[PDB]
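Residue numbers (this note's numbering), protein chains in the order written: chain A, 1 to 77; chain B, 1 to 106; chain C, 1 to 106; chain D, 1 to 98; chain E, 1 to 97; chain F, 1 to 95; chain G, 1 to 95; chain H, 1 to 86; chain I, 1 to 87.
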Amino acid sequence: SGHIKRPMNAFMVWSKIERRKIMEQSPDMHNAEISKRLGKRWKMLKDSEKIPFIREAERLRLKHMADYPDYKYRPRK
Amino acid sequence: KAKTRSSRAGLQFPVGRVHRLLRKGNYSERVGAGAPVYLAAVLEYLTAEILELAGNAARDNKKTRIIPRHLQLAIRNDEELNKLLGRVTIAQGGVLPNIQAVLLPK
Amino acid sequence: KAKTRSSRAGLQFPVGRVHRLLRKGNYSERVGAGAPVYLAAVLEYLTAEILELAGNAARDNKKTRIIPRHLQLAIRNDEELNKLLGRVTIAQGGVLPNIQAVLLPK
Amino acid sequence: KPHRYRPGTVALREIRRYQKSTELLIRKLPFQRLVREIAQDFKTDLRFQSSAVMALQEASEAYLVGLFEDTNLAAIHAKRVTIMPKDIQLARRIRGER
Amino acid sequence: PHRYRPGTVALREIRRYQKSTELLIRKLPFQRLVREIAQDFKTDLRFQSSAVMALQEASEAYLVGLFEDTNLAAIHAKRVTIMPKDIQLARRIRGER
Amino acid sequence: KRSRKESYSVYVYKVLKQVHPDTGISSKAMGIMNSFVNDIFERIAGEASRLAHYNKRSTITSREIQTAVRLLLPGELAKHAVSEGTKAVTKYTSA
Amino acid sequence: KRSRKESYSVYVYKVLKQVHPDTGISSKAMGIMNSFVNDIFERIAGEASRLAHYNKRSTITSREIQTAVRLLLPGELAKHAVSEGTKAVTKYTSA
Amino acid sequence: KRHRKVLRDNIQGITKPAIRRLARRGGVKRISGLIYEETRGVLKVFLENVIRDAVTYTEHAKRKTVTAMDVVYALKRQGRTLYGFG
Amino acid sequence: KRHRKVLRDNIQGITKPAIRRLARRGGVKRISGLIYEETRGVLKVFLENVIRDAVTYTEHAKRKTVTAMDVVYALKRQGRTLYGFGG
DNA sequence: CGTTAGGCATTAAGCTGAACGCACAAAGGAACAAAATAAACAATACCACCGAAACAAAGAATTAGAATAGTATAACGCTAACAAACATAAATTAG
DNA sequence: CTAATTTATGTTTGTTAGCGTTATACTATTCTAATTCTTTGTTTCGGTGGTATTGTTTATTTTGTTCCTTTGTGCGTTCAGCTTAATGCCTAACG
């Protein structure tokens with residue numbers, strides 16, 4: 001539709017792969033409770049376990065700035 | 001030669017008295033000099049709006065005096081003065097004469 | 001050794017803070033020394049009357065916390081606190097559960 | 001054979017002449033006696049200025065006339081013309097009185 | 001099939017929603033309505049989330065007060081329902097028209 | 001040698017002779033106009049005071065009066081009163 | 001190093017522990033009690049201010065507060081509050 | 001003989017064809033029979049509230065009589081402002 | 001069947017089940033179908049009043065946003081004080 | 001009673017860095033919501049009636065008005081003396 | 001976890017109760033005038049009950065439709081400390 005999506009951060013791709021993991025190991029679970037548990041586990045992770053995700057998010061940010069260098073956010077009504 | 005503050009603004013209400021009432025009325029510690037001029041302006045315009053409708057009511061009734069029946073008529077017949085004075089009742093004023101249409105015969 | 005004005009009256013609410021709020025609240029030029037003590041007394045008695053009925057409501061519901069549903073219940077069930085707080089509505093409070101007797105079946 | 005009007009026919013003329021006229025409809029002396037009877041129970045031996053009893057009579061007539069307007073609104077709403085005391089209690093209940 | 005009587009589910013919802021203290025208006029459409037009306041008075045008016053929550057809570061309180069007065073006026077006229085003439089009467093007697 | 005009642009009785013008559021030269025006024029209607037002037041003065045000054053308190057302003061200027069006029073007076077009365085007021089301060093500041 | 005919200009949150013809890021030791025309180029109910037304390041303070045101080053103005057008194061003493069309590073609070077709450085208040089000033093003056 | 005006295009049964013002094021005029025000012029076309037005692041009670045509780053407020057107003061001022069200004073303030077505190085007395 | 005979308009009409013978001021819930025809280029056994037549009041208009045004029053007062057509040061302070069205290073002060077003047085959102 | 005010329009001390013406009021607040025990326029059933037329908041019970045149209053309220057004339061009984069005298073009371077002015085704002089040193093407390 | 005916010009002491013000052021006096025409106029009394037409240041006998045009409053038609057709400061199931069709760073990032077808005085001109089209050093004088 002022409003809409004540029006926001007690039008994924010560390011927690012979104014982490015919760016994406018881990019929610020796909022939980023949905024392939026657990027049936028009959030509501031997704032709000034899944035995301036509550038995923039936020040809980042992400043806040044009990046140490047920072048030593050998160051550098052690949054934040055680095056990958058930084059790669060998406062440099063890909064985004066190299067893909068659109070004259071980009072500026074414009075909120076509309 | 002010096003000219004009064006009521007006619008400095010070109011008005012009738014005294015700027016000094018509304019200034020004194022704002023001071024001794026205990027609304028703030030200080031009060032701006034534009035405050036009594038603005039307040040006398042909106043006050044003078046407000047009683048001008050009352051007295052113009054009152055005079056049109058009294059001349060409409062073929063009377064030459066403003067009795068408070070004319071003030072009650074001029075206030076209750078209006079729309080945006082009725083919102084300003086909806087809770088206030090008027091001494092010796094009576095009501096706005098209006099009868100519900102189902103009470104009236106056909 | 002010096003003792004506080006809140007416990008000089010034998011109270012919990014601070015006399016100095018209500019004195020300061022009466023001063024900077026711009027209600028008069030001067031304020032009497034019995035005024036904040038009296039006002040802290042009636043205030044402390046008033047929230048004592050609220051919190052006692054709130055604790056009896058929460059203990060009546062077999063809960064151990066005061067949520068504002070208990071405050072709304074304690075205020076709306078009363079008679080002479082309902083006249084004090086009739087116009088005030090309560091955030092996240094709900095209503096007093098009462099159903100009209102003609103809606104109910106026989 | 002004397003001539004008789006119908007119920008309601010004289011009533012509209014009375015409604016019109018009382019809405020036009022601005023005087024007080026209850027006498028000043030029973031209102032003085034009732035106000036002095038009521039104000040015993042708060043403090044005995046009070047003197048009432050004539051202007052104070054007149055101001056109480058003005059506000060009293062205004063309050064009862066507004067309450068009877070709301071009573072007629074509620075009685076018209078329930079498809080009646082004869083107002084009833086439940087209409088008074090209803091119009092007091094909606095208004096925030098009780 | 002065993003369908004309930006008309007109103008018995010309504011009575012259970014009456015007791016359930018009166019025992020409940022939840023917000024009965026969804027937050028996103030009320031946010032859209034508030035930022036749709038308030039543009040007409042001034043443009044570029046963002047709202048704090050507490051402000052639109054307060055507006056939703058006060059409109060909830062004002063409407064349940066209007067509806068208990070409305071049901072009073074409707075019971076008074078020998079009616080279980082609510083017709084808009086009851087809302088008109090409850091707004092008129094309260095002195096809001 | 002009675003002390004004098006400080007009231008707005010002369011200026012209501014001045015406004016009346018400005019707007020309606022032929023019709024007279026009663027005394028009790030002049031008292032009603034005095035009470036109305038004092039009522040509206042209390043409303044506007046109370047809203048100006050609480051607005052200066054809500055913004056932690058120790059000075060009530062014409063902005064607070066203008067905002068209170070826009071708060072209380074409904075309909076076209078608000079903008080008419082604001083135009084009259086700004087005309088008055090432009091008159092008072094031009095002189 | 002934020003500036004602190006000046007509120008009545010501790011003293012409502014002190015009164016609650018005086019009157020009900022076992023039950024706890026929420027945070028939003030503590031905010032409701034803070035708003036209620038400020039509302040009743042505005043009501044009583046506004047009536048005390050206008051009573052001191054109606055009698056041309058420049059000083060609000062305990063008499064104006066007592067009269068305003070008898071004005072606002074209905075029923076037995078009035079005389080209970082007055083007895084509590086006079087107990088408080090007799091305590092404050094005896095010490 | 002004696003200035004001191006006591007009053008009783010003054011609510012009948014506001015009579016039924018004097019209630020009917022207050023009703024027919026407000027637009028009422030028909031008035032039932034049981035309206036009168038209820039309206040007298042409504043008047044009684046309204047006068048009791050406003051008179052108690054006026055009595056507290058005049059007793060704060062160390063006074064013995066009831067002016068009209070205190071009745072005006074008592075009606076102001078109930079939210080029914082009276083115009084015409086100052 | 002198929003979903004229907006209407007441009008603008010901000011009042012309409014206040015859905016029909018979310019008004020039936022508001023009336024069930026008020027203790028109403030039956031609601032006719034002509035109530036929802038009238039209640040929408042009532043809520044619209046109520047929010048128009050409170051929003052206009054809060055807009056004048058935040059415009060007097062030259063603030064582009066509408067805080068919660070402005071809505072409290074706007075509701076206080078109509079005789080409906082909010083508890084809980086700060087004084 | 002109302003207005004006007006110079007200090008001065010308080011106060012709002014001006015400015016910038018910083019901290020707040022809000023939207024939004026995926027998810028993916030949950031929770032909600034619109035729509036179509038059976039029918040069941042509520043609103044309503046109509047009719048009878050009967051006792052309840054309006055209308056009327058008479059008289060009674062009450063209020064209005066006025067002169068007047070006492071008279072508690074309230075509203076004026078001096079005066080003391082008392083209570084509260086203000087300048088300046090602890091302390092506890094609390095977010 | 002230590003700045004900050006209430007508390008105490010003496011000084012000035014400006015408010016207020018006590019006192020005197022007096023005016024002034026309030027209360028009571030007794031007359032006439034008038035006017036209006038209450039009684040009693042019509043009379044007629046609206047509230048209320050009872051039944052029948054109808055019209056429309058509710059409860060439900062199906063199928064879309066949205067929402068919700070989670071953290072980091074971007075951007076716009078507000079706010080607080082510091083600068084600085086604006087201004088209003090006080091005094092003395094005048095009319």
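Every residue, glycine too, gets a C-beta built ideally from N, C-alpha and C.
Of the residues H:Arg21, H:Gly41 and H:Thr15, the one whose Cα lies closest to the Cα of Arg17 (chain D) is H:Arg21. Taking each of E:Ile14, E:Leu33 and E:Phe67 in turn and checking the Cα distance to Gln12 (chain I), the smallest one comes out for E:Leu33.
Straight-line measurement puts the Cα of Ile99 (chain B) at about 14 Å from the Cα of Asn77 (chain B). Taking 9 Å as the threshold, the shortest C-beta distance from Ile67 (chain C) to chain E falls below it. Close CB contacts of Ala74 (chain B) within its chain, under the 6 Å cut and outside five residues either way in sequence, are with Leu53, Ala54 and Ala57 (chain order).
For the set B:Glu29, B:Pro14 and B:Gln92, the Cα lying nearest the Cα of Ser7 (chain F) is the one of B:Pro14. Around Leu11 (chain B), the same chain offers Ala40 and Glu44 as residues with beta carbons nearer than 6 Å, after the five sequence neighbours per side are excluded. Look at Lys63 (chain C): its C-beta is under 9 Å from a C-beta on chain G. Note: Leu82 (chain I) is bridge-paired with C:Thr89 in the DSSP secondary-structure output.
Closest by C-alpha distance to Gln19 (chain D), out of D:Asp45, D:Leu29, D:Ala62 and D:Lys43, is D:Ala62. Beta-bridge analysis with DSSP links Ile66 (chain B) to F:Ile25.
For the set B:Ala35, B:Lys62 and B:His19, the Cα lying nearest the Cα of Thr90 (chain F) is the one of B:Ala35. The stretch 21-39 of chain F makes contact with the stretch 86-102 of chain B: 3 or more CB pairs, one atom from each, lie closer than 8 Å.
At least one CB of chain I lies nearer than 9 Å to the CB of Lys42 (chain E).
Only residues of its own chain outside the window of five on either side were considered, and among them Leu24 have a CB closer than 8 Å to the CB of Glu58 (chain D), listed in chain order.
Separation of the CB atoms of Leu89 (chain E) and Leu73 (chain D) is rounded to 6 Å, and the pair is thereby assigned contact status at 8 Å. Distance from the CA of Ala51 (chain E) to the CA of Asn9 (chain A), rounded to the nearest whole angstrom, comes to 30 Å.
If you draw a straight line from the Cα of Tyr11 (chain F) to the Cα of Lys1 (chain H), it comes to about 51 Å. Per DSSP, the continuous alpha helix (DSSP H) segment holding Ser9 (chain F) begins and ends at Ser9 to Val19. Shown here, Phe41 (chain E) sits in coil according to DSSP, grouped into three states, outside any helix or strand.
Residues of the stretch 12-29 of chain H with a C-beta less than 7 Å from any C-beta of chain D: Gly13, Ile14, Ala18, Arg21, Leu22, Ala23, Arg24, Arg25, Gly26, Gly27, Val28 and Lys29, listed in chain order.
Assignment of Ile25 (chain E) by DSSP, reduced to helix, strand and coil, places it in the coil class. In chain order, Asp70, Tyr73 and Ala74 place their CB closer than 7 Å to the CB of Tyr57 (chain I), counting only its own chain and leaving out the 5 sequence neighbours on each side. The beta carbon of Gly16 (chain B) sits closer than 7 Å to those of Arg5, all from its chain and outside the five residues before and after it, given in chain order. Taking 8 Å as the upper bound for CB-CB distance, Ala68 (chain F) and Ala81 (chain F) are not in contact here, some 10 Å apart. Under the DSSP definition of a beta bridge, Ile83 (chain D) partners with H:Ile31. At a cut-off of 9 Å, the C-beta of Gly25 (chain B) has no neighbouring C-beta in chain H. Counting only unbroken stretches of 4 or more residues, the alpha helix (DSSP H) elements lying wholly within the stretch 18-74 of chain B are 34-60, in sequence order.
Judged by DSSP in its simplified three-state form, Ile60 (chain G) adopts strand.
Between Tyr11 (chain G) and chain H, the shortest Cβ-Cβ separation is not below 9 Å.
Neighbourhood of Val18 (chain C) in chain I, by CB distance below 9 Å: empty, with the nearest CB roughly 14 Å away. Cα atoms of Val6 (chain I) and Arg26 (chain E): separation of roughly 18 Å, rounded to the nearest angstrom. A Cβ of chain D is located within less than 9 Å of the beta carbon of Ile99 (chain B). Of the residues B:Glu49, B:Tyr38, B:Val31 and B:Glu29, the one whose Cα lies closest to the Cα of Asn82 (chain B) is B:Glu49. Per the DSSP secondary-structure output, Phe47 (chain E) pairs in a beta bridge with I:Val66.
Rounded to whole angstroms, the gap between the alpha carbons of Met23 (chain A) and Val13 (chain A) is 15 Å.
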